[PDB]
Amino acid sequence: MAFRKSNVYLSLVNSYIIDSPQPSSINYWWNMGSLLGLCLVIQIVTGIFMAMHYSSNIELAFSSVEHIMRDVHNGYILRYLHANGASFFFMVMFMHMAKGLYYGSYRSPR
Amino acid sequence: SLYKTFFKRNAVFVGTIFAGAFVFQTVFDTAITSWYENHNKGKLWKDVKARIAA
Amino acid sequence: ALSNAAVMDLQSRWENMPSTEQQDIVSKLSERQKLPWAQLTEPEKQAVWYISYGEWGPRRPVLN
Amino acid sequence: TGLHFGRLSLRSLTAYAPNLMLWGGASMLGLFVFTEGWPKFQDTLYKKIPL
Amino acid sequence: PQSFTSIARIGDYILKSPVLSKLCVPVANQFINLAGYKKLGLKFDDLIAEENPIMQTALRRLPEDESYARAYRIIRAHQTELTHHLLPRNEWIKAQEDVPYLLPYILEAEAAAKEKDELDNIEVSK
Amino acid sequence: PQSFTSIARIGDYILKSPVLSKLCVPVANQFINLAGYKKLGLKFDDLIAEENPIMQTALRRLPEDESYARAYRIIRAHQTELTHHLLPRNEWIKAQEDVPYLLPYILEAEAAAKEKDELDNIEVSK
Amino acid sequence: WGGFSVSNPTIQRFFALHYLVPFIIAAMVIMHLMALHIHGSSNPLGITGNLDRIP
Amino acid sequence: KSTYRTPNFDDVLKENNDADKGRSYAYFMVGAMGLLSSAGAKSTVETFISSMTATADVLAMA
Amino acid sequence: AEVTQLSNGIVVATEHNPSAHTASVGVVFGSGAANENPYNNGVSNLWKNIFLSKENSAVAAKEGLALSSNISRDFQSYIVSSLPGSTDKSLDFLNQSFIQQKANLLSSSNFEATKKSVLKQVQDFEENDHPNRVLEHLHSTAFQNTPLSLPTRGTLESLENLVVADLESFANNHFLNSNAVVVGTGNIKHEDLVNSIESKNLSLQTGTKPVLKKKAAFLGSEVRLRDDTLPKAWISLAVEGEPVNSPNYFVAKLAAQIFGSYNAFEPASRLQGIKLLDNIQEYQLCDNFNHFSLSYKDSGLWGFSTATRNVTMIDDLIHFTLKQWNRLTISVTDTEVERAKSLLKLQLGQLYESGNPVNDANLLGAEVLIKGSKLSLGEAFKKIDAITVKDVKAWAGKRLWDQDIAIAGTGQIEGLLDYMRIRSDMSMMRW
Ligand code: HEM
Ligand code: HEM
Ligand SMILES: COc1c(O)c(C)c(C/C=C(\C)CC/C=C(\C)CC/C=C(/C)CC/C=C(\C)CC/C=C(\C)CCC=C(C)C)c(O)c1OC
Ligand SMILES: CCCCCCCCCCCCCCC(=O)OCCCOP(=O)(O)OC[C@@H](O)COP(=O)(O)OCCCOC(C)=O
Ligand SMILES: CCCCCCCCCCCCCCC(=O)O[C@H](COC(=O)CCCCCCCCCCCC)COP(=O)(O)O
Ligand SMILES: CCCCCCCCCCCCCC(=O)O[C@H](COC(=O)CCCCCCCCCCC)COP(=O)(O)O
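Protein chains in written order, with the deposited numbering: chain C, 1 to 110; chain I, 5 to 58; chain e, 25 to 88; chain V, 11 to 61; chain G, 2 to 127; chain R, 2 to 127; chain N, 166 to 220; chain E, 31 to 92; chain A, 27 to 457.
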């Protein structure tokens with residue numbers, strides 16, 4: 001058989017993103033699950049690269065968010081991609097909990 | 005043909021995607037900077053630096 | 025008489041019909057017109073109007 | 011009547027040695043895209059006649 | 002989760018009464034074509050969800066000639082809704098062709114699982 | 002990953018030489034009882050690792066009567082090792098029952114896959 | 166270093182990196198039990214264990 | 031209607047295939063999407079990697 | 027071994043063999059199933075079965091003459107085989123009951139008793155012969171809306187509209203003296219045949235068969251005749267091949283001889299030299315596959331037809347096959363060509379040089395109609411001995427690297443993935 005099916009790791013990739021049979025009639029509301037997967041990586045990657053400059057004491061909390069926005073190269077990008085991207089997390093997710101509430105995706109067997 | 009040179013081998017398809025994104029990187033950056041400064045002539049620092057002529 | 029499998033759907037079949045056969049059918053139809061009418065069958069009656077007054081060659085529109 | 015082999019054939023290696031050199035060029039062209047703006051690599055990257 | 006024996010107990014009470022049949026059957030007809038499963042080319046008994054084991058049973062007792070057509074009107078609906086279009090007005094399911102063909106295969110599978118649980122809790126009076 | 006065709010080439014050169022057979026065959030059987038697989042009741046061809054298709058092949062061509070004994074000396078060794086004991090001295094495999102019973106089935110199924118790779122790689126002259 | 170010697174940019178990034186990597190190890194151990202489960206554990210004799218298995 | 035009479039795709043089909051021209055146009059718009067997903071992906075991994083370099087204040091005290 | 031041609035207004039071909047003990051004599055027409063509209067389709071199949079009808083074959087059996095016939099895409103055929111001492115008794119039958127009188131075969135009794143006997147054979151073909159009703163549905167969707175897509179047997183919906191008018195109107199348009207080849211194979215000299223047409227007359231018609239308005243043009247498509255109540259899954263997949271009298275004719279036959287044919291149940295067809303068989307035998311993805319290179323007058327086909335009980339791993343059969351077609355473009359070895367040279371010279375050494383003369387008369391008339399003369403076997407062996415590895419690579423990169431495909435399937439082809447996951451298997455993305 002093919003190597004995408006014969007491997008122990010790639011068959012998890014194969015059975016989920018390559019060969020997974022999706023119904024051929026799903027509209028664009030079925031992309032909000034794939035956006036939340038992308039929007040989670042945006043928060044996590046712009047959390048690690050932002051928490052390398054963040055001190056968490058009560059004296060240096062607000063003074064080291066401004067150290068990100070003024071002193072780090074492209075620091076205004078990271079703080080704004082991640083404070084607004086967190087507010088885009090909850091807007092995609094509110095449209096993801098309302099697709100499933102509309103199209104009956106809560107019912108059995110799900 | 006054109007297909008037989010560029011799009012046939014994938015080794016030279018992505019060779020001229022990267023060689024077309026290397027030229028696009030330096031050209032589109034210059035052609036945006038040269039527009040964005042020209043849209044704001046009279047307001048940037050090197051216009052104030054020349055207008056301090058004493 | 026004239027068979028059904030030669031004048032069945034003479035709308036999509038008049039063009040891309042070979043030209044020797046294309047005027048063979050108008051030769052058989054011109055002998056069925058030397059009869060009292062309303063004895064021609066309807067695939068033979070609506071397919072002589074398409075030959076004389078259809079939309080092909082002449083009477084083709086200026087734009088497709 | 012025997013070929014050299016180690017589950018890859020020498021006759022099937024010289025059929026890719028054109029396209030293995032074209033893939034080395036398509037990676038060096040991919041290295042130059044991602045590693046410009048590196049000021050150390052711009053000693054041999056604005057030696058080009060424009061840009 | 003509404004158990005078609007209970008629908009048809011309510012539903013046959015409406016149609017039997019002369020007053021309520023004059024009243025809310027014309028509301029029911031206007032509700033049907035406003036839903037517009039006919040425009041996708043479906044009957045109603047394609048719409049019923051087939052994941053409970055009662056409805057999973059009644060799709061095996063169906064004859065072959067009706068389970069081949071039902072398995073086609075579903076694929077014409079997954080193809081029509083994919084193009085974001087409707088079916089042409091000749092291909093719409095008319096009023097007379099919308100009959101409950103799968104209703105009697107459900108009411109004999111529902112009453113056969115109601116009797117299985119009325120008999121699994123029987124208390125024999127000595 | 003040594004390929005028994007190879008060690009039967011080095012082995013049968015040692016056995017045929019009169020100088021080396023006097024010299025390193027007394028070291029060979031001293032290596033065997035120091036290894037101590039007989040004391041668990043195993044012949045040596047029980048130990049050959051059976052997870053490659055040249056040896057999984059030669060475990061199907063084994064006769065039924067020897068593939069039932071081999072399936073007993075393995076469980077008698079799994080049971081003796083988890084009690085952390087040894088088999089008693091009247092159950093050890095002696096020096097004469099330690100026969101290469103899986104060597105001819107391997108050597109004929111290993112030289113019949115060397116031949117398959119000398120036939121996907123023939124350069125026939127014109 | 167984030168600078169010219171081991172300084173405040175370094176220890177601050179050696180903590181936020183050190184918090185992270187045990188959530189890469191804990192997702193590489195799941196990639197380590199998956200490669201084990203397809204063939205099972207070995208056993209100290211080096212023979213097959215498919216005969217006498219216990220749960 | 032038999033299964034050998036394929037239905038009309040004439041309002042979807044091209045009027046002239048020329049299979050080295052319809053394929054040198056599909057791989058153009060695919061290649062243009064890969065050309066801006068390389069300028070757009072250098073300029074994303076440059077944002078995160080240069081952010082770990084020396085900050086503006088620690089450059090000032092050199 | 028030599029074949030000659032003449033012309034008198036009608037071409038006379040003869041492949042004389044002075045060893046065999048029969049003598050086939052027949053006419054081979056230049057029309058087939060590619061010379062009829064989809065509304066009279068099957069009139070070529072209905073003309074064969076009133077030639078082989080009961081009354082016409084009872085008179086032919088009285089002199090010791092057996093009638094054969096063949097209806098193909100490009101050519102028809104009507105052969106009357108007999109003993110070597112009856113080279114004129116079969117011409118006198120073929121002139122009597124095929125050419126001169128047609129009011130005996132086309133009577134109202136013999137036509138209705140034959141229209142119900144083809145309709146029987148077509149209905150028992152459409153539901154009981156699966157590895158060949160896919161190959162009709164491969165032609166019916168590779169070349170759709172074009173003369174090379176019509177089935178040779180005729181559709182069942184068009185075959186019950188035919189009356190004796192459409193049988194005679196096809197005769198006057200295509201059974202002509204400019205369209206025919208009077209062919210004769212077996213134990214007949216050439217000079218006996220041409221003197222036995224001049225001592226008779228044997229004239230058919232005037233000429234000028236109707237010329238087609240649309241040529242054959244490949245269109246990459248698919249068709250899925252899925253049927254879950256069938257125990258297998260038959261699949262035919264093909265690209266556009268080389269037509270006959272192409273310079274790459276024998277390269278396209280050698281390209282399908284590389285991947286050859288396979289039958290999983292034979293113990294000797296499992297030890298072949300194809301490199302595809304190593305990936306296909308580990309889980310037994312198929313039961314059989316044959317690679318074909320069909321070649322018609324205007325176009326052709328090239329691909330493979332298969333059958334499979336392992337209906338869950340179809341998408342690994344199609345993937346592992348198509349990743350071996352890509353080896354033709356990039357890395358085909360010389361031994362894979364030197365093997366398929368020697369098998370192709372045996373493949374078409376058994377086709378043109380078998381024992382049967384009524385098969386050689388089908389392949390002589392179908393060649394001098396198109397090419398004008400039959401290419402001999404000793405010279406067509408020098409065209410296979412001069413094919414290099416570079417000529418297969420130059421052919422494969424033109425004809426099947428990243429080209430469109432035509433798929434046709436039936437049975438349980440749920441497991442068959444859709445088009446763009448098969449069409450994208452033609453290019454390897456690492457070459
Ligand atoms: C689901 C994932 C996450 C969500 C929804 C989220 C959300 C948020 C929000 C709403 C803020 C406040 C932004 C503001 O008001 O400025 C914030 C700040 C922050 N988050 Fe996250 N976060 C996520 C993941 C992470 C991760 C994985 C990290 C660290 C590795 C992280 C580290 C930080 C840091 C350091 C701040 C600093 C304060 C700032 O500059 O905004 N976050 N996050
Ligand atoms: C966080 C670190 C690790 C965890 C949680 C882990 C977990 C496990 C577990 C639970 C087993 C099954 C129990 C056993 O077979 O002993 C196992 C087996 C094994 N591990 Fe680890 N492991 C770790 C590190 C390693 C490392 C560093 C190596 C080698 C470089 C390794 C190699 C193996 C091997 C070869 C086996 C199979 C042994 C056998 O089944 O015979 N593991 N691991
Ligand atoms: C059902 O079919 C599917 C489907 O199967 C899947 C998978 C998805 C996609 C959904 C997902 C992929 C969601 C899953 C998300 C996660 C598992 C989140 C994991 C994300 C991470 C970023 C993991 C964390 C790892 C890191 C942060 C490593 C990066 C390293 C850093 C930042 C340190 C850098 C330091 C140096 C020195 C380089 C679908 O959208 C979908 O529907 C179409
Ligand atoms: C003695 C110690 C006691 C302590 C107890 C604490 C630990 C308890 C054990 C919890 C489970 C540990 C192992 C988890 C694991 O490895 O599974 C991850 C999925 C592996 O799936 P699979 O079984 O390999 O595939 C077999 C399949 O049938 C199931 O595969 P599927 O479920 O689809 O995979 C999901 C992966 C998703 O990945 C992606 C990319 O989405
Ligand atoms: C992980 C968190 C979820 C992220 C959601 C992203 C879901 C979509 C992923 C898109 C990957 C596209 C690869 C497809 C592919 O390779 O097909 C390849 C070729 O396709 C292409 O060439 C596409 C050009 C490259 C597109 C670059 C997109 C990068 C943008 C990244 C944005 C998301 C991080 C095979 O396609 P084929 O089988 O039809 O031949
Ligand atoms: C890793 C998650 C990142 C997701 C970012 C999505 C939100 C878009 C805002 C992007 C701002 C950061 C980029 C930037 O500042 O560059 C700016 C240019 O804008 C872009 O190129 C955005 C294109 C993004 C395409 C993403 C392709 C997929 C990449 C996958 C990761 C390898 C500035 O560029 P410069 O530093 O001047 O070279």
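From the three backbone atoms N, C-alpha and C, an ideal C-beta is built for every residue, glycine too.
- Counting only Cβ-Cβ distances below 8 Å, residue 96/R has no contacts in chain N at all, with the closest Cβ about 21 Å away.
- Under the Cβ distance rule, residue 35/I does not count among the residues neighbouring chain V, no pair being separated by less than 8 Å.
- Inclusion of residue 190/N in the 7 Å shell around ligand 2 follows from its C-beta lying nearer than that to a non-hydrogen atom of the ligand.
- Relative to ligand 1, the nearest heavy atom lies less than 7 Å away from the CB of residue 50/C.
- Contact check between the region 292-309 of chain A and the region 380-391 of chain A: fewer than three CB pairs, one atom from each, fall below 8 Å, which does not count as touching.
- Listed along the chain, the chain A residues whose CB falls inside 7 Å of the CB of residue 2/C are 342 and 345.
- In the structure shown, the three-state DSSP call for residue 434/A is strand.
- When DSSP states are grouped into helix, strand and coil, residue 102/A belongs to the strand group.
- Under the Cβ criterion of 8 Å, residue 68/E is counted among the residues facing chain V.
- Residue 106/R and residue 59/R do touch by the CB rule: their CB atoms are close to 4 Å apart, below 8 Å.
- In this structure, the straight-line span from the alpha carbon of residue 42/G to that of residue 31/G is close to 18 Å.
- Spanning the alpha carbons of residue 453/A and residue 275/A requires a straight line of approximately 23 Å.
- Using a Cβ-Cβ cut-off of 8 Å, residue 455/A counts as an interface residue toward chain I, since at least one Cβ of chain I sits closer than that to its own.
- Contact note: residue 79/R reaches chain N through 208, 210, 212, 214, 216 and 217, using a C-beta cutoff of 9 Å and chain order.
- Residue 31/A sits in a strand when the DSSP states are folded into three classes.
- Sorted by position in the chain, 16/C, 17/C, 20/C, 33/C, 34/C, 37/C, 40/C, 41/C, 44/C, 45/C and 48/C make up the residues whose C-beta lies under 6 Å from a heavy atom of ligand 3.
- When distances are taken from the beta-carbon of residue 185/N to the heavy atoms of ligand 6, even the shortest one reaches 7 Å or more.
- Contacts with chain E at 8 Å (Cβ-Cβ) include residue 251/A.
- If you draw a straight line from the Cα of residue 38/e to the Cα of residue 99/G, it is about 41 Å long.
- Contact of residue 72/E with chain V by beta-carbon distance below 7 Å involves 43 and 44.
- Residue contact with chain V for residue 45/E: absent (no Cβ-Cβ distance below 8 Å to any residue of chain V).
- Taking all protein chains shown into account, residue 141/A has 16 or more neighbouring C-beta atoms within 10 Å of its C-beta and is therefore buried.
- Residues of the region 80-92 of chain E whose Cβ lies closer than 7 Å to any Cβ of chain C, in chain order: 80, 81, 82, 83, 85, 86 and 87.
- Listed along chain G, the residues sitting closer than 9 Å to residue 108/C by beta-carbon distance are 2, 50, 52 and 53.
- Put simply, the backbone Cα of residue 50/A is about 54 Å away from that of residue 68/G.
- One alpha carbon belongs to residue 82/e, the other to residue 351/A, and they sit about 50 Å apart.
- Judged by the Cβ position, residue 81/C qualifies as a neighbour of ligand 6 at the 7 Å threshold, a heavy atom of the ligand being closer than this.
- With respect to the C-alpha of residue 65/G, the residue from 254/A, 70/A and 82/A having the closest C-alpha is 254/A.
- Per DSSP, the continuous beta strand (DSSP E) segment holding residue 248/A begins and ends at 248-252.
- In this structure, residue 78/C lies near residue 81/E, with their beta-carbon atoms less than 8 Å apart.
- Assignment of residue 291/A by DSSP, reduced to helix, strand and coil, places it in the coil class.
- Between the beta-carbon of residue 132/A and that of residue 325/A there is about 34 Å, and that puts the pair past the 8 Å contact cut.
- Around ligand 2, the residues whose beta-carbon falls short of 5 Å from at least one of its heavy atoms are 194/N, 206/N and 207/N, given in chain order.
- For residue 63/E, the Cβ falls inside the 7 Å cut-off from some heavy atom of ligand 5.
- Flagged as an interface residue toward chain A: residue 13/I, by a C-beta distance shorter than 8 Å.
- Among the residues of chain V, none has a CB under 7 Å from the CB of residue 60/E; the nearest is roughly 16 Å distant.
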